[PDB]
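The structure appears below as structure tokens.
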Amino acid sequence: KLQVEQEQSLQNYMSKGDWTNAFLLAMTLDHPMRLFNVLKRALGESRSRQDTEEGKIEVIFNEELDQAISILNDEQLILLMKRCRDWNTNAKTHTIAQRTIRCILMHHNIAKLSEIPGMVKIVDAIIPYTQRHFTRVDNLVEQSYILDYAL
Amino acid sequence: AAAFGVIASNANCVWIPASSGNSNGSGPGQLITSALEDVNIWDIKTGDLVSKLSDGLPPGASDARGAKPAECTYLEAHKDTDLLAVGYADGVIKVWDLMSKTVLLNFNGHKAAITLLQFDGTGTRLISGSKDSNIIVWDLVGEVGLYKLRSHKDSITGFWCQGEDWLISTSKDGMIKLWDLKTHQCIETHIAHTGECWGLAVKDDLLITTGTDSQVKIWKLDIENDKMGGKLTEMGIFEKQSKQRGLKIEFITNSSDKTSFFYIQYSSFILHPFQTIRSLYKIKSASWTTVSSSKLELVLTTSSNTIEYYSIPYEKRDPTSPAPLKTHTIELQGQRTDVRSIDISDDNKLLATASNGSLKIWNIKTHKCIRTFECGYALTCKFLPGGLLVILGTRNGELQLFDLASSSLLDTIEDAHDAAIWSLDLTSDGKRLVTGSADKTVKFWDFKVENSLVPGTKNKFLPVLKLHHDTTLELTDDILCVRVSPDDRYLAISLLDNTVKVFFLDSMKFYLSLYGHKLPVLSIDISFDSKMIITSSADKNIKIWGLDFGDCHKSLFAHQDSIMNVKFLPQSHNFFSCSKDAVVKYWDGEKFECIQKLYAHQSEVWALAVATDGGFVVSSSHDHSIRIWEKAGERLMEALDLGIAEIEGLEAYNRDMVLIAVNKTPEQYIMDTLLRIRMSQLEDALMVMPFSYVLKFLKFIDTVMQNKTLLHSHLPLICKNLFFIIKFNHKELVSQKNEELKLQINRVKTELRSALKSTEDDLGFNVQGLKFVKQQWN
């Protein structure tokens with residue numbers, strides 16, 4: 001309706017601002033490609049500095065999303081998880097789809113709190129592509145030292 | 001052969017009626033210029049033809065105009081009255097000189113015609129929204145790369161502030177979009193409509209909107225988290241336009257409910273007595289409203305092919321409304337409406353066109369007098385040969401006798417008809433009249449002066465010719481066109497059984513029927529050689545006939561719309577076609593091919609006749625006027641030489657006292673060539689490069705690893721190229737001396753192995769974290 005389209009205009013604007021309520025507001029809305037763009041920009045650069053939960057820290061505070069996943073319900077988790085299933089297929093995108101996983105495994109209990117929808121197909125679907133991309137970085141890691149080792 | 005007509009824009013045309021107003025612009029204050037099918041110049045309080053800009057001979061140009069046909073969308077003058085600017089029914093905007101009527105520039109880039117066009121308060125910008133659903137900003141240079149704002153699906157209505165920044169928009173897709181000027185982004189879209197925004201006006205501080213929803217929404221200027229203060233519901237029908245007073249103490253609103261009403265304590269209510277008026281609002285729904293520049297009147301633009309003047313009840317202005325004044329037309333829009341029939345005299349100085357309520361007398365472009373008895377439009381008109389009297393056929397079945405001198409009817413010709421008159425033409429001397437009627441008979445009529453017991457001035461009806469009961473499946477008894485033999489030997493008749501029948505002057509004997517017509521016929525004519533004929537039908541097919549039957553000479557078929565009239569030449573050498581699709585075509589009467597295709601017609605042509613002089617063209621129309629006629633790796637070397645040429649220059653910037661590769665850092669171009677290159681055969685471009693390419697190359701890897709950037713590249717690309725160059729050459733076959741880049745590699749590889757080791761540890765916890773709950777969920 002009206003507040004939906006105006007809410008899409010706020011979703012257009014908030015991307016110029018921060019990432020947190022743009023992430024939750026874009027999570028409750030269409031479309032997940034722009035949601036992939038904000039995770040692309042916020043998650044995209046190389047950084048391994050001070051304490052995060054999903055690699056979200058910058059000069060501007062992105063650890064509020066470190067809070068925002070702990071409050072999130074399971075419907076957005078499975079609706080997120082089918083998108084991670086959409087993002088683990090092609091190369092170089094799966095890593096972005098990795099970033100929430102190490103997040104969500106920290107936040108919720110082993111039950112994936114008790115009212116859990118059927119997701120056996122997805123949790124069965126993630127793993128062989130993770131083992132697939134795992135051997136690649138195994139190769140580049142064992143090939144990285146050898147240029148140093150010569151001289 | 002030789003034929004008349006020209007390819008020019010003007011041949012002494014009177015084709016512009018100066019009608020159908022939709023907008024206007026105020027000029028000198030005592031004058032006002034009007035959007036019509038031209039640019040017209042009127043007085044603001046008298047209504048006389050001050051000037052008129054149309055087609056013609058501009059100073060220093062040929063095939064140029066002052067204004068076009070195909071109705072003007074908007075028309076306004078510049079605030080310094082130096083520039084003229086009109087957007088037309090085509091996408092091209094034309095600016096014109098104010099003193100002369102030469103053209104200055106031509107503005108295109110528009111897929112559709114102009115739906116918005118106005119000067120800005122600076123004058124150096126002209127804004128034009130068109131019906132291709134976007135906005136185009138214009139500079140005096142012609143800068144269109146400034147701003148092209150489009151997130152729409154329909155046309156736009158509302159616009160500018162007066163502060164060079166901070167624009168607003170309301171559009172016809174039910175949307176009201178908010179944009180900033182610096183780097184435009186839709187912060188917010190206020191929507192309260194479901195249809196089309198018809199008109200728009202800001203008062204001074206309150207922006208009201210008028211749409212299909214028959215309501216009024218007020219809006220505040222300094223707006224965020226939408227400012228709403230009220231709505232004025234239900235004028236009675238959807239509102240169309242509004243206008244503020246130049247003193248900004250009132251606000252007039254107009255609609256298609258034949259009413260206009262203003263607001264005053266302005267206010268959110270109408271609080272002034274309105275029974276003082278004497279010149280009630282309008283007979284036809286109006287297009288646009290402007291206050292007059294004399295601060296005493298109101299200027300109204302209606303859809304009755306004319307615009308008018310009134311006033312608004314107030315003590316400063318005139319407390320009543322005056323009678324509307326109209327300009328000095330040439331008696332082409334001084335009377336009412338369209339022309340369906342024309343007729344020709346034999347002196348080339350008496351040419352009459354008829355309307356719903358007028359008969360207009362013309363020599364070439366000068367109008368003598370009017371004759372008014374019309375109970376409709378005329379399907380046919382016919383002069384007397386000699387031009388003494390004229391005979392009219394209205395849409396009542398009534399033939400009317402008019403004198404040449406005055407407007408008065410001498411004699412009403414006997415209404416023995418019960419249906420309207422399709423066809424009518426007189427003979428050579430003009431004493432026999434053959435008519436079009438569905439009364440299943442042919443009516444002959446006498447004609448002479450009034451000096452006996454048989455009225456020739458009232459055409460007493462002695463002979464009866466009736467055999468019309470021929471049976472068919474299309475329609476038995478109706479006639480469309482009648483033609484008199486030029487030798488005065490026979491009569492040709494159009495019939496609704498897809499035939500024509502030929503019969504001589506006396507009692508019925510049969511000559512010829514022509515048939516083969518999929519559609520019924522529109523018009524039939526005879527050559528003055530009197531051997532071959534033509535016929536026009538409703539199947540877009542024009543058929544030539546001589547004396548045979550069933551042996552088709554030629555199916556003259558190249559058309560798309562219906563055919564109004566096709567006629568021969570008055571010396572029988574050129575037959576011509578006027579149709580529905582607004583194009584008139586010359587055709588050689590001896591050949592099958594066309595000599596000239598005249599396309600300068602925008603509106604519908606209903607009829608067209610050429611006099612026996614043959615030097616001019618008379619044309620009936622729907623705009624009621626007459627158009628008178630007569631490799632990659634060397635680019636990588638350039639990239640590295642440019643990039644190290646930047647880095648070495650930035651090193652000794654002030655520690656010791658090119659516009660494009662592309663970026664704020666040139667190294668982003670270095671990765672971009674790695675992005676642009678194909679995944680195959682890149683090693684052929686890499687293997688060419690020497691050892692100095694490596695020494696220039698690793699500085700960019702240290703640049704991106706100290707830059708911590710993985711947005712524009714990825715580590716298998718960098719390690720992929722690294723592993724290629726360590727295959728190629730070399731570390732100790734390129735250098736035996738301990739150097740700075742050699743020690744740079746020893747820390748860069750540590751940065752790489754840690755940067756990949758992070759993500760590898762992330763997955764190494766991720767998948768084992770996924771396994772464990774799947775062990776439990778069983």
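So you can find residues: chains in the structure tokens are A, B, ... in the order shown, residues in each start at 1, and ligands are numbered from 1 in order.
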- Query: Skipping near chain neighbours, those fewer than 6 positions away, what residues fall within 10 Å of residue 68 in chain A using only C-alpha atoms, listed as a PyMOL selection string?
  - Reply: chain A and resi 20-21+23-24
- Query: Please, which residues of chain A lie no more than 7 Å from chain B when the count uses only C-alpha atoms, and can they be set out as number ranges by chain?
  - Reply: A: 6, 9-10, 13, 44-47, 101-102, 110, 127, 130, 137, 141, 144, 148
With C-alpha atoms retained, write the just-selected residues as a tab-separated table (two decimals), in the first residue's frame.
chain	number	residue	atom	x	y	z
A	6	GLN	CA	6.96	5.28	1.09
A	9	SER	CA	11.56	5.44	-0.43
A	10	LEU	CA	12.91	5.42	3.13
A	13	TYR	CA	17.32	6.99	1.51
A	44	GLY	CA	33.19	-6.29	1.16
A	45	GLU	CA	36.61	-4.92	2.09
A	46	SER	CA	39.37	-6.90	3.75
A	47	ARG	CA	39.46	-6.41	7.52
A	101	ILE	CA	26.44	-17.98	9.42
A	102	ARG	CA	29.29	-17.45	11.89
A	110	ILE	CA	20.97	-25.57	19.55
A	127	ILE	CA	27.61	-28.37	3.21
A	130	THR	CA	31.38	-25.40	1.67
A	137	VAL	CA	41.66	-22.00	-0.29
A	141	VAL	CA	47.27	-21.51	1.25
A	144	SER	CA	51.35	-19.20	-0.88
A	148	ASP	CA	58.88	-17.09	0.07
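Our summary of the geometry notes that CA of residue 151 in chain B is positioned 15.9 Å from CA of residue 111 in chain B.
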- Picked from range 417-554 of chain B by DSSP as strand (DSSP E or B), as a count of residues only: 41
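When CA of residue 145 in chain A is paired with CA of residue 57 in chain A, their separation reads 29.4 Å.
For residue 260 in chain B, the list of residues within 9 Å, based on only C-alpha atoms and with local chain neighbours fewer than 3 positions off taken out, reads residues 242, 252, 253, 254, 255, 257, 281 and 282 of chain B.
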Hey, can you spit out that residue selection with N, CA and C atoms as a PDB file, in the first residue's frame?
ATOM      1  N   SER B 242      -6.137  25.512 -11.496  1.00  0.00           N
ATOM      2  CA  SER B 242      -6.342  26.587 -10.538  1.00  0.00           C
ATOM      3  C   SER B 242      -5.299  27.660 -10.800  1.00  0.00           C
ATOM      4  N   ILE B 252      -8.156  31.432  -7.096  1.00  0.00           N
ATOM      5  CA  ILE B 252      -9.263  30.987  -7.934  1.00  0.00           C
ATOM      6  C   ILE B 252      -9.013  29.539  -8.350  1.00  0.00           C
ATOM      7  N   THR B 253     -10.073  28.737  -8.343  1.00  0.00           N
ATOM      8  CA  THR B 253     -10.032  27.346  -8.763  1.00  0.00           C
ATOM      9  C   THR B 253     -11.069  27.119  -9.852  1.00  0.00           C
ATOM     10  N   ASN B 254     -10.734  26.254 -10.799  1.00  0.00           N
ATOM     11  CA  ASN B 254     -11.625  25.937 -11.900  1.00  0.00           C
ATOM     12  C   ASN B 254     -11.734  24.426 -12.036  1.00  0.00           C
ATOM     13  N   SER B 255     -12.847  23.973 -12.603  1.00  0.00           N
ATOM     14  CA  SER B 255     -13.074  22.559 -12.841  1.00  0.00           C
ATOM     15  C   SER B 255     -13.852  22.373 -14.135  1.00  0.00           C
ATOM     16  N   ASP B 257     -16.834  21.398 -14.068  1.00  0.00           N
ATOM     17  CA  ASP B 257     -18.214  21.527 -13.628  1.00  0.00           C
ATOM     18  C   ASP B 257     -18.811  22.880 -14.008  1.00  0.00           C
ATOM     19  N   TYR B 281     -20.151  31.656 -15.690  1.00  0.00           N
ATOM     20  CA  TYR B 281     -18.747  31.238 -15.821  1.00  0.00           C
ATOM     21  C   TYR B 281     -18.371  30.737 -17.221  1.00  0.00           C
ATOM     22  N   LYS B 282     -18.981  29.634 -17.692  1.00  0.00           N
ATOM     23  CA  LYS B 282     -18.621  29.048 -18.989  1.00  0.00           C
ATOM     24  C   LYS B 282     -19.624  28.041 -19.552  1.00  0.00           C
TER      25      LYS B 282
END
- Query: Using only C-alpha atoms, which residues sit within 9 Å of range 82-95 of chain A once same-chain residues fewer than 3 positions away are excluded, as a ChimeraX atom specification?
  - Reply: /A:32,77-79,98-101,122,125-126,129-130,133 /B:714,759,763
Go ahead and write the selection's residues with N, CA, C and O atoms as a compact mmCIF listing (two decimals), in the first residue's frame.
# COMPACT_ATOMS: atom_id res chain seq x y z
N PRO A 32 15.81 -8.46 -2.10
CA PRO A 32 17.07 -8.90 -1.47
C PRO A 32 18.32 -8.64 -2.29
O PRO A 32 19.42 -8.93 -1.80
N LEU A 77 15.33 -15.67 9.54
CA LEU A 77 16.53 -16.50 9.49
C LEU A 77 16.46 -17.51 8.36
O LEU A 77 17.45 -17.74 7.67
N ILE A 78 15.30 -18.13 8.16
CA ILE A 78 15.16 -19.09 7.07
C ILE A 78 14.99 -18.36 5.74
O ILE A 78 15.44 -18.83 4.69
N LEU A 79 14.37 -17.18 5.77
CA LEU A 79 14.25 -16.38 4.56
C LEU A 79 15.61 -15.80 4.18
O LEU A 79 15.90 -15.59 2.99
N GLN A 98 28.72 -16.65 3.87
CA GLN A 98 29.32 -17.18 5.08
C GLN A 98 29.16 -16.23 6.26
O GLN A 98 29.09 -16.70 7.41
N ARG A 99 29.08 -14.92 6.00
CA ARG A 99 29.33 -13.94 7.05
C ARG A 99 28.23 -13.93 8.10
O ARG A 99 28.49 -13.70 9.29
N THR A 100 26.99 -14.21 7.69
CA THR A 100 25.91 -14.27 8.67
C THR A 100 25.93 -15.59 9.43
O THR A 100 25.44 -15.66 10.57
N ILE A 101 26.53 -16.64 8.84
CA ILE A 101 26.44 -17.98 9.42
C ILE A 101 27.23 -18.06 10.72
O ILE A 101 26.68 -18.43 11.77
N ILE A 122 17.69 -27.37 3.28
CA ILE A 122 18.67 -26.28 3.18
C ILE A 122 19.94 -26.64 3.94
O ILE A 122 21.05 -26.51 3.41
N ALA A 125 21.74 -28.78 2.13
CA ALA A 125 22.16 -28.25 0.84
C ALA A 125 23.43 -27.41 0.95
O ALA A 125 24.14 -27.21 -0.04
N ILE A 126 23.72 -26.89 2.15
CA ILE A 126 24.83 -25.95 2.28
C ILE A 126 26.18 -26.65 2.21
O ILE A 126 27.11 -26.18 1.54
N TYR A 129 29.00 -27.60 -0.89
CA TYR A 129 29.59 -26.43 -1.53
C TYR A 129 30.59 -25.76 -0.60
O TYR A 129 31.56 -25.14 -1.06
N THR A 130 30.39 -25.89 0.72
CA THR A 130 31.38 -25.40 1.67
C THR A 130 32.65 -26.23 1.61
O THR A 130 33.77 -25.68 1.63
N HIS A 133 34.38 -25.13 -1.78
CA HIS A 133 35.21 -23.93 -1.74
C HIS A 133 36.35 -24.06 -0.74
O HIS A 133 37.32 -23.30 -0.78
N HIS B 714 39.84 -9.86 -6.06
CA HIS B 714 39.76 -10.96 -5.12
C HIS B 714 41.11 -11.66 -5.10
O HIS B 714 41.91 -11.52 -6.03
N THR B 759 39.54 -15.93 6.48
CA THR B 759 38.31 -16.46 5.88
C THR B 759 38.32 -17.99 5.90
O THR B 759 37.27 -18.62 6.08
N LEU B 763 35.31 -20.31 7.53
CA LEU B 763 34.63 -21.49 7.00
C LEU B 763 34.93 -22.72 7.84
O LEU B 763 34.03 -23.55 8.10
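Taking CA of residue 578 in chain B and CA of residue 605 in chain B as the two end points, the separation is 6.8 Å.
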- Task: Excluding range 112-119 of chain A and any residue of its chain fewer than 4 positions from it, enumerate the residues within 9 Å of it, using only C-alpha atoms, and give them as JSON, numbers by chain.
- Result: {"A": [74, 75, 78, 108, 123, 124], "B": [773]}
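With only C-alpha atoms as the atoms that count, the residue of B:308, B:131, B:175, B:694 with the shortest distance to residue 22 in chain B is B:308.
For the residues B:692, B:155, B:33, B:122, ranking by smallest atom-to-atom distance to residue 53 in chain B using only C-alpha atoms places B:33 first.
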- Message: Env of residue 67 in chain A: 10 Å cut, atoms = only C-alpha atoms, seq-sep filter 3 positions within chain, self excluded. Answer as a PyMOL selection string.
- Response: chain A and resi 20+53+62-64+70-72+107
